[PDB]
Every structure is written in structure tokens, then in C-alpha cells.
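J.: I'd like to ask some things about the structure below.
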Amino acid sequence: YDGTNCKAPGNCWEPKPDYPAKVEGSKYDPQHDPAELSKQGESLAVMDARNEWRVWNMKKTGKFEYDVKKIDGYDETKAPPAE
Amino acid sequence: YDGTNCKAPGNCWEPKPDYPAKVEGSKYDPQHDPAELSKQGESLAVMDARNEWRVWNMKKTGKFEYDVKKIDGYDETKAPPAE
Amino acid sequence: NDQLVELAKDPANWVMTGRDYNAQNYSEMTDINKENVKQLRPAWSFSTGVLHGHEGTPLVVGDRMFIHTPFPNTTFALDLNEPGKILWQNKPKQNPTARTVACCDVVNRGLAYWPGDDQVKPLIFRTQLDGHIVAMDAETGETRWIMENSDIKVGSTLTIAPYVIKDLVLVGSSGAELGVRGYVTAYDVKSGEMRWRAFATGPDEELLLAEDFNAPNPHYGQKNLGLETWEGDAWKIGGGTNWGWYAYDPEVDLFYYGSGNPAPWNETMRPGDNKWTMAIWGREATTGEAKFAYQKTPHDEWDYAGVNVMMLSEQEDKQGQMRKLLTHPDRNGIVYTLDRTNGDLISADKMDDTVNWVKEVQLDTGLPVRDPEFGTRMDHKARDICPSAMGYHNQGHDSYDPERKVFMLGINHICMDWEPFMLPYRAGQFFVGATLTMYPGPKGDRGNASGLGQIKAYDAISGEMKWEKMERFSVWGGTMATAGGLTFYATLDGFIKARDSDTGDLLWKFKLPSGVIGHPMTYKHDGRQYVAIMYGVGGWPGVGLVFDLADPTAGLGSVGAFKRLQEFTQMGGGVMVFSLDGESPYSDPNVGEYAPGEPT
Amino acid sequence: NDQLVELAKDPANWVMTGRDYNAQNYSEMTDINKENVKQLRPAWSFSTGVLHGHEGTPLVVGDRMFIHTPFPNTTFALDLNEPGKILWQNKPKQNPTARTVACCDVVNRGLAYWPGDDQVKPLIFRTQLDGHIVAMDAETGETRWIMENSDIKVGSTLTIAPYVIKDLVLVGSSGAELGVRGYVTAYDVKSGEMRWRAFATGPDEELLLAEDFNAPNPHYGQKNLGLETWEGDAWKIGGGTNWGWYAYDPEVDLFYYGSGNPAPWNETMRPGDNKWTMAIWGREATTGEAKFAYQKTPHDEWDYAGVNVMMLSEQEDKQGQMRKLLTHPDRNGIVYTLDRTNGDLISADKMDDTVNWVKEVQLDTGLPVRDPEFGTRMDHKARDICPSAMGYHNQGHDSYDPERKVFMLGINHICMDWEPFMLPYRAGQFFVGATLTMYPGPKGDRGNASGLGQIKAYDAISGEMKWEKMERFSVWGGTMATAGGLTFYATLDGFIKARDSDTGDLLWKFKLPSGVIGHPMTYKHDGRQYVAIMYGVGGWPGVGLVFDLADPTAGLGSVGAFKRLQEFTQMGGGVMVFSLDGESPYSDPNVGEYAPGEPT
Ligand SMILES: O=C(O)c1cc(C(=O)O)c2c(n1)C(=O)C(=O)c1cc(C(=O)O)[nH]c1-2
Ligand SMILES: O=C(O)c1cc(C(=O)O)c2c(n1)C(=O)C(=O)c1cc(C(=O)O)[nH]c1-2
Ligand SMILES: [Ca+2]
Ligand SMILES: [Ca+2]
């Protein structure tokens, strides 16, 4: 594996001598729990959600409020009023 | 109370108008717990105690040790050997 | 932002990280030069009230200097008319748990400034370790808005400095050592409303690519490589965070930056070129779409996080033509130069002949020819690999002298032993999976753990080193060059040095309170030229010192390489300002003295 | 110590707190004087790596500079041949619970030095907040011995600097706010063995009085007063801790120091003169037995702890009699002068006419005629008392100019509202008992909370104030005077200033990283005179800034009086050195540079 034998443009990986071409099944199988691999995306989802409320409230009120819990009409499961 | 009327030399204290000459038995009696008032002295005794062995051990060994628990011949309830 | 480029033309201000959009850290001033640098003296100083790494540089706009700080990242505003007074300070409240998921000290690299318009006055931007990006009025310092960008519950923090372009503030990301998938985000300067976000791995719709992405260089790779180069879902936790610096060309409206290393460090747990980690990006600013991207280190194996400084310049081609360029001293030991309007590979030289993970980079294919003898892999302990994970160049923001057409590179001379190990991924926990042992490179004193740095003036076209100098410790904070023929920079052992740009001779220096890891800055006030720099050792080099460690492999293997550092410096924090003969508003003692009047 | 009085003769050394046993903080050097003073620039600096108040002053002995620091009290040693190197550092491991029983910040006032003999090498001595006294080899910084002097379990800590006389080292005491009975202890510099110990209250045997105690001035009081000026066993938690400074006349073999305030602050709970708190002491260095003692403030009611500085001089009476003196500017707002051999009360003037708790000090009886309108007592809130609990003078070690025959006093201008309250004594817990509101004196601005300090040149015999100058903040760190006609001192708002010792005019000042609370010092090295000082605001005036307090009565009432301090300074910690044109060993850029191999 010298990095010059490409399977295609931009794809030149090759397993080193003695190593698997696929980790799944081998002794180097990471076995990542899917529940775990999803935490990040879920997190961005909830943050972005809270930000929408923050943005909406300053536009309607005129003043800014970070704590969504103190935003008049905040509903954790819904998005701000389509206005 | 101007501090000039001295009962004797080096003692000129006088109760302020409307205050006792002795606080014990007055609405200002501190009522200190003797058991508490003696902790300081007990504390100095234990430190001096421990310190004695620190001075001895260093003279008899040429090395210095702080942790009395690591001194050869140490005993909480006993002074250092006359040497 | 046009007004920002306009403000940059005045030597009076330093409105962004690398002074201006070309990120050259270069000043046209000549008041301070080779002749009189010997008389350079401290004008005044300011302690930040906090310890730990003090990276980045202060921003100056008119009679005001803005100062960012490491955790809890409180921002300060100083009155240049009398630096003794603190105009304002915005001190946030953060969950101290954020400190727990910081890999390499609680540092912060800088602030950003938006010129303001006929609706909203100038604003100062800051990022917090806990993941928040916040805007504050520049006059009073009162908060305008705050938005969540990174969740520390998953080991995702922020240390990068925010960057302003037009009406957008860019926010990078940190946490690859925690398995965080990297992403950059753009917010509206006024409302903080997210306009776009682009990831470094996964589907092309999250990668945000233009219809003609990598059209000029198809061989770099194009569509679907965000999934195709990873096995399975490994890319969901494949790093690629950008915590380095930015650069921007308003002419073609493209800003540039580099994506970090893939996670984990254990290369056997992630087959493939792991795109688009370790790549140089050319993204349309307003939309965020990538026009081009070049992967410098396919399938990383040494943590050569590719987030380093991006310096822009217009030099003559090796074939005799004026080309719009981009020079980038990478962690892998190579200094890349590309046509910043193409992604065209023009130069790819080794910053030091000792780099051995690669034999060479082919300019026609752009592929680095790996030397199997120095790669990493499970059940094996690679030795004497150079550069080490700390790279031959780290976060330091360097400079470019447009007159001498040379780059002043602050280099590191460190190599390492490396052995990976298997480990599970748990959101919020570390996901490194490798044990290191770092030490000085072949040109240093491995015997005594010294000689770990270098500074050189490099020519991107000829690929020649005008001059090289050895430093006791790694020059980690970057550099700054001026028309006066001087090249300033600071050292981890406590000094700010001034060298001759043409010869590389040491013309002057000063013993600051603590080591330096931020870059020098220069501005003009009341017809006087000042040079300011922050001090306060920290960052990766100082974790051993900062956190009182003793295990040489601790601190991701940095503690060992820097065990001697503590004999030259202790922690610190503040900004030191210089001028000729220490001239300052206080040269007249009375300035500032108490006068019954009103609040001073 | 004899060789110690010797080393003191050489302007290259500053071997003890006040430089020499006369404790005048006076310099015989003239290199820097009323002319060149304006060309004073920073030569180099050093960061202690710690925060909080930095009191005391560095000690220089030849080619070495020793530096003490606040908790953890780690000690440093710098190579004056090239300050960027740290010869050695000794960092202790202390129980963080110590910080818990510290009334007013975790400060430390200094180190002590023993010249050594044919048996043992020179020693550096330190005190730790956790109550330990320790000796270290001044060449390697290796610990020789450590003894337990104070127990934090009962609220007893250490902040005072050790002191060396002959083959003994004196250790003071802190803790009155926690009801700690004061006592000074002496140890053998070699074995660390306890020789003697004298308390400030109780039985004459523990008080350690000489067979003819106060024979010269019987009216001061004599036997059993440490038991009769108290009701019952109140004296067992009376206080009188000495955490100030010492003075020593090897001629009469006597050292001097002032005993602290009585506990608690609630005066009503402890009727009696409360001896021997608030007294000036004259004890034999070899036995510790008192030859004389004067109580400046019998039955304290304002916390005018009598531990301030003791400046020795040899002047002429008003009757033309040459007398070995001792001047002492106390917290009660009175500056005292006694015959350091006799005990005679020569002078006792008001440092400022606003002092109102006393009418005057009768020189014949030696008593302070009190003014009942300004005393304190249960169920009564006294208003506008001056000085305040912080006093018109605090821990700042001042200076005396022999030639001009004056005392450069760093004064505070703070008064207060006071209100006592009943409370139980609990070993290890605070035992104050009073609510206070402090603010600027009448000569300051109480509306804007500014103007809390003054600097005055005072003549002891005439009792005249040559010149007076107002500071916006309490000049809290003492002063230093030199043969060049200059008097240096630093302020809380972060400046080190130099005034004309004859006219009190401001000739120069520099903006240091942080405010100052320690005193300046000077020494001659390599044929160049340097002026070093420590910065890092803290101590009592800073507790509000250091601990983030907002309640005006918090910080024992200091918070409200210094609520503006935060606009001029943040925390910090380090030492900065100056010289003409900031020349230094590094004026030769190449000194201390990385020179590997065998050059020659
Ligand atoms: O994976 C990441 O996102 C990430 C973040 C950071 C950071 O934000 O400080 C560093 C690193 N990696 C890193 O690998 C590294 O060498 C490093 C050095 C420093 C520094 O400030 O000295 N930060 C970081
Ligand atoms: O009675 C004592 O034992 C004690 C100790 C100390 C100390 O340890 O510095 C202070 C005080 N009291 C005190 O009352 C006070 O005003 C004070 C100011 C400071 C300072 O360093 O600024 N310490 C102390
Ligand atoms: Ca990394
Ligand atoms: Ca006290």
C-alpha cells in the first residue's frame, strides 16, 4: 500500500499486507453500536431546533432570549409559528 | 468611657453607659464551651509532640523525615529517646 | 465584507485573525525596522486574570483593542487612549464539564469583527468552549445573541476563532479525538440565524458540493466519495473538524480552510481514504458549496490534522505567469501551494528533509507516495516517524512578505513512536486508540529533549529555503513580517524575537512573563507603531506543565517531548505591548492620574 | 546574624524583607535618580504561574533571585546572569482545606535567608498557608526540614514571612478572625528545633516576659495584665496574632513586632483592655523574653490589628538627645515612635486629621483618649468611623530615607459603618461577629467610590507632613526610597510609580500586568541597578475581585469599597524588573539562545 494504486479517481486505499480488505468479520471489527453512532446527529437536531425558537422570539419580541423555557409559546415538539 | 480612668496601671477599661461590668450572667454572656476553648492548646501539644520526633530522627539518622509514621521507634503516646 | 477590506487598508486597525482577508500577517509599516528594532521597549501591559493557553492575537479597531481569553472565555475591551481602563468585559457562565472534553487545553484562537451597517452598530464575535457562538455590541460589549453550535455532551467543543465574510460569521468545530464528525456553519451576523452548514464526511448533500465540484481536477475525486471511501457507517464518527484558520478571496468569493483528521487514530479501524478529512477546501461563501477540495493525507495514520493556516498571495508562475495562490504548511510536513481558483497543485515541498512518512508528492496525480516502513497499523509499533502527531507545523498562524516573496514558517521538529489499540466508541468519551512517545527530530537533541523547533523563510515557487534557524522549543504561535524587514514571532520558552527577514539574524528580543503560543500583531495609534503579543504558555505543548503530569506518554504523548519546558516557564496570561523606547500615552505620568472629578 | 548585617552592606544584595535589620527599604545607590528616572524601562519579567494576591518582595543574594508565591506557596530561584532560566523550584503538597480558613486571600509576604556557616550551607526559609515552616538549600532548593507551627483545623494559618536572626528563624501567626490566640515561635535554622515561643495573651509565663518587663515605663502595665484585662478564659481565643513585619537591633540584641487584634470583633463579648493585643514588642532574640511592650489600642473595637511595619532609625529628640528609634504607622491611624531600647513614647501623631476614634494620644500617660461617639457596641450601628477596619495603613512595608530624615508612607483613606452581633466560638470556624460597610474617607469621592489612598512624606520628630499626594486607590503595598531622591511604590490599579522624594512630584510610571500589593526593591548586578516589583492584585482589597463577590458587606465589608477596582485590573502574578533603557543580560540577543554542540 503505497497510495498509488487507485480503484478509481480519489479512491486509492489498499489493505496493508496480511490485513483485511473489510474489517467487518475480521479481528479488527469495530462493531459500532448504531445507537451510539447516532448521538451526534440527534444532538445537532435538537440544538438547531432550539435555535429556531431563539431566532423566532427575538424577531417577534424585539429582545433576545436564550432560555427557550422562558420563550412565550415555546413547544418542545413543534417548530415556531409559520409567519 | 474615654479610656483614661484607670483602675490600675495598664488597666483602664470601663463599661460603656448602660452595659455590665461583667458579661457573665448578662444578656451578652458569650457562654463559651470550655471543651471548645481548649482545642487550640491541645493542637499545639500534638504538633510539638510530633515535631520532637522529627528533630530527633534527623539527628540520629542524618536524614530528615516528616511522616512520623515512617520513623523508627515512633510512638504517639511517648516522647523521644534521651540521646 | 467590503467595509472590512476597506478598514484593513488603514494600518490603524487589525480587524481579523490574519489582519486581512489574504491572511498574511504582514504590515506595510516601516517605523520599526532593522535599524531601530534594538530600541524596541514595552509600552504597557495587561493581565487577563486567567491562566492556561493564550492563543490567537488581539484585534484593534480605532481606539479599541479587543482581547479574547481561554476558558471561561471572557472578552475584554481596552481603551487605547489609556490602556489602563477596561471599557468592558463580557463574562459568560459555562458548564465546567466542557473542560473535560477538551483534548488539548482550554484554548481559544481569537475574535472576529463585523463593521456594522445602517441598522446595527459594529459587533464583536466570540466562540465559547461550551459550543456557543455569540455576538456582542462592540461599544458596550452587551450580548446581542447566542446560538448553540456544538454539544459538549458528545465531546464537541469550540476553540476556533469566528470568521466574518459579508454578512456571515463562520464557526468551525473541534472534537475528532472524541469522534466528532466535523462541520463548518454560517450564521447571519445580525440575527444569528443559520444560513448553511457543511460536513466533511458522508453524503454529498451534507458535504455541500457545487454542481461542478472538482471539475478542473477530476482525479482529486468527485461525487459520492463522502461514503465510498469509508466502510459502512464509520464516517458518522470520522472527525474532519476544522479548528484552524480561514482565508478569503472576494474577487471569486471563495474562502479556504482545511478539514481535520479522521477518527479514531487507530487506522486499522477505518479502511479507506476517509474523505473528506485532511483536505484543503475552496467553498463559495454565500452558499457554502465546495468548488474544489484536495485531500492532502488519504487514510491518515499519524493524526496530521489538516487544519493549518491558509496564506494567500499573487506570485509569478514557475512558467513565468502571475498566478493567484494559496500556500499551506501542513502538519504532515509538506507545504502545499495551489491555484486558489482551481485547486491546481503547484507546489508540495517537504518543510524539512527529515519527513519520512512520504517519499514524495506527485504534482501530476497529487498522490503522496507512502513509505510503508513508516505507517501505523494494529499489532505493530512504528518508530521514528516524522513528523509526529504534533506535526512539523501546528496551529501557529504564519506570515508572508509580499516584497521578498517568502513565507516565514514557524516549524516544529518532533518525531514519535506509535502503536494503536482497539477501543469502543461511546458518545462523550475519548476515541483516540493509540499510544505515543514523542521526542526531538534527527536535527535536535533527543538526548536532552531540546531543539524541538525551527523557523525558516520559504519560497513557494522555487521551493527553496532562504534561511533556517534552530529554536530550543517548537515555534508554536506563528509569525508576523513587516515592511521594516523584520519578522517577529514568540517562543514557548518566554521570548518575543525579531529577526532579519533577509538573513534570519536575531536583532532583538525580550523575556516576557510566560511562553508564547499566539501570533504577533501590529497597529498604529497616535502616530506611533505598536507591536502587541499575548503570552501564557499552554496548548498541546504545555499540557504536562499545565496539568502537572509525569507519564511521558500522557497528554497524547506530548508530556515527554516537553518535560524540559518547565525549567524555562510557568503558566501566565496577558498581553504585552511594545513601541520604540516604550513610548505610550503614559509617557506623561499625569495621563490617568486620579482627579476628584467623576468615574475615571 | 552578623554576616547578614554584612551582606546588607553590599548594594548587590537584598537579603531580608526590608533589606536590612533596620527595615527602611532604603537604597544607597544613585544610578537611577531624579534625572534619568524617566528612562526606566522593563528589562525582563517572570510569571509565577499562579493567581491571587502577590505580596512581599523578591530577595536577591548575589547571582540569584528567590521568589515566593501565594498558595501553593511554591518557591522559585532565578539565575540573574540570564533570568529566563529557573535554577530550581520547590512546590509543596498542601491540603486545599487551608484556603478554607484564610480570612483575606491566600497571600504570603516573603522568604528569609541564612548565610550559612562552616557546617551547613546557606538556607532559604518559607511559610505555608497550611501552617508549616520549611528550610531549603538556597543552591538546589532541596528541603532540609519542615516543622508544624500552625494547625488549620483550628483556623490557624501562616501568611507572614519567616525572619532570620543569629541561628534562629522567627515564625508568626494568623487566625484572629477565627479566634486564634497569637504567638511567635523561634526555631534553630539548622535542626528546625524549637527554641522558644511567646504568646500575646494569658499568663506571664506563656507571655514570656523578662524579669524587668517594662521597668522603664511601669505605667504601660506590668504583671498579669494578660489575664486581668480579660474576663475569665476569654483570653484563650483572644487573638493578638502577629502576621506583620520585624526589625532588629543587634546592638541591644532585641527584635520588634506588633501583636494583632483581639477576637472576636464584637467588643461587647470581651470586656477589658485585652492585653497584650495591639502592642509594640521588644524581645530578646535569644530568649524571646520581652523587655518592654506598649499597647496602642487597648480594648479594640475596630479591628485595628497592630501588626504593621517597624522602621528603625537613629534620630534626635526634641530635647536634643540622640536616640535609637522605631517608627510604626498603625491601623488605628496613628504613627508611633518609641525608643527601641527603652520603650519611651517619643511621638504618636495622626497620619491624617480625619481619624476620629481618638481625640489624641497623651504622651505622658501613653493613653488614647477615646471619643465615645466613634466606638462600637452591641445593639448600635456606629457610623463614619475612621479609620475603617482596613485601617489608614495596612500590611504595606514602607520606607525611611536617612538623609532626608523622613518616612514615605503608603496610606489608605477608608472609614466605615459598624454593627456587632452575638455568635458562638467553634474551633476552626470564623469568629468575627460584625457587619460593616466601608467607603472612601471625607477627603475622597464617596459617590463614585474613588480616592481611597494617600502617599505622604512624614517627619517623626517634628510630626510634619513634608508633602501629601492623593491616590484613587489605597496605596496598599508599601514603598521604597533611594539615595537618588526617588521613592517607588505601586498601586492597585496596576502601576509602579516614582515620585520626587522632596516635592512628591510624579516623575514616572509604568502600566504593569496587574495591580500591586507588595513592595518594590532594588539591587546592583553586573554593574547595573535594577528595580523589581511583584504584581497580582489580591489581599483584602481584592477579595471581591478574586472571589467574585457582589454584596457590599461581603468580604468583611471590603467588597463595596473596592467595587470599582475591577474596572482597572484583573488578577495576575509575576515579577517585573526595570533598569535605565531596560538594559539587561539579554540586550545581547544571542545570550541564552539555542547553542547546541561544542561551539568555542
Ligand atoms: O480533533 C479536533 O477537533 C482537535 C481540536 C483541537 C482544539 O480545538 O484545540 C486540537 C486538536 N484536534 C489536535 O489534534 C491538536 O494537535 C491540537 C493542538 C491544539 C493547541 O491549541 O495547541 N489544539 C488542538
Ligand atoms: O488576624 C489575623 O490573623 C489576620 C491575618 C491576615 C493575613 O493572614 O494576611 C489578615 C488579617 N487578619 C486582617 O485583619 C487584614 O486586615 C488583612 C489584610 C490582608 C492582606 O494581605 O491584604 N491580610 C490580612
Ligand atoms: Ca486531532
Ligand atoms: Ca485580623
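The chain as shown is numbered from 1 upward.
Note that Cβ sites are derived from N, Cα and C of the backbone, with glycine treated the same way.
So Swiss-Prot has the following annotated:
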DISULFID  D:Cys103-D:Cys104  disulfide bond
BINDING   D:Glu177, D:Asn261  Ca(2+) binding site
ACT_SITE  D:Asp303  active site, proton acceptor
DISULFID  D:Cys386-D:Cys415  disulfide bond
J.: So which of the disulfide-bonded residues D:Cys104, D:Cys386, D:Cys415 sit close to ligand 2, that is, with a CB under 6 Å from an atom of it?
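T.: Those disulfide-bonded residues that pass the cut-off, since their Cβ is under 6 Å from ligand 2, are D:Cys104.
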J.: If we check Cα distances from D:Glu177 (Ca(2+) binding site), which of the disulfide-bonded residues D:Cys103, D:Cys104, D:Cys386, D:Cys415 wins as closest?
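T.: Ranked by Cα distance from D:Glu177 (Ca(2+) binding site), first place goes to D:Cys103.
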J.: With a 10 Å radius around each C-beta, find which of these recorded positions (D:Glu177, D:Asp303) has the fewest other C-beta atoms nearby.
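T.: So among D:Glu177, D:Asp303, the recorded positions given, the one with the fewest Cβ atoms within 10 Å is D:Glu177.
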J.: Within 10 Å of the Cβ of D:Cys103 (disulfide bond), how many other Cβ atoms are there?
T.: 18
J.: Return only the integer: C-alpha distance in Å from D:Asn261 (Ca(2+) binding site) to D:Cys386 (disulfide bond).
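T.: That comes out at 17 Å between the alpha carbons.
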J.: Would you mind reading off the Cα separation of D:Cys415 (disulfide bond) from the residue listed as 'active site, proton acceptor', to the nearest angstrom?
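T.: Here the two Cα atoms lie 12 Å apart.
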J.: Within the chain of D:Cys386 (disulfide bond), which residues six or more apart in sequence place their C-beta under 8 angstroms from its C-beta?
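T.: Same-chain residues close to D:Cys386 (disulfide bond) (Cβ under 8 Å, separated by 6 or more) are D:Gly333, D:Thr354, D:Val355, D:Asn356, D:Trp357, D:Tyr392, D:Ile414, D:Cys415, D:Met416, D:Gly441, D:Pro442.
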J.: Mind telling me which of the disulfide-bonded residues D:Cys104, D:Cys415 has the densest Cβ neighbourhood, counting other Cβ atoms within 10 Å?
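T.: It comes out as D:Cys415.
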J.: Whole-number Å distance between the CA of D:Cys104 (disulfide bond) and the CA of the residue listed as 'active site, proton acceptor'?
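T.: Here the two Cα atoms are 14 Å apart.
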J.: Would you mind checking how many other C-beta atoms are within 10 angstroms of the C-beta on D:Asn261 (Ca(2+) binding site)?
T.: 27
J.: Kindly assign D:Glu177 (Ca(2+) binding site) to one of the three DSSP-derived states: helix, strand or coil.
T.: helix
J.: For D:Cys103 (disulfide bond) and the residue listed as 'active site, proton acceptor', determine the Cα separation and express it in whole Å.
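T.: The residue listed as 'active site, proton acceptor' has its Cα 13 Å from the Cα of D:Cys103 (disulfide bond).
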J.: Which secondary structure state does DSSP assign to D:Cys386 (disulfide bond), in the simple three-class scheme?
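T.: The residue in question, D:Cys386 (disulfide bond), is coil (DSSP, three-state).
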J.: List, in residue order, those recorded positions out of D:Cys104, D:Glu177, D:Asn261, D:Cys386 with a Cβ under 6 Å from any atom belonging to ligand 4.
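T.: Once distances to ligand 4 are taken from each Cβ, D:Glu177, D:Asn261 fall under 6 Å.
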J.: If H, G and I count as helix, E and B as strand, and all else as coil, what does DSSP give for D:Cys415 (disulfide bond)?
T.: strand
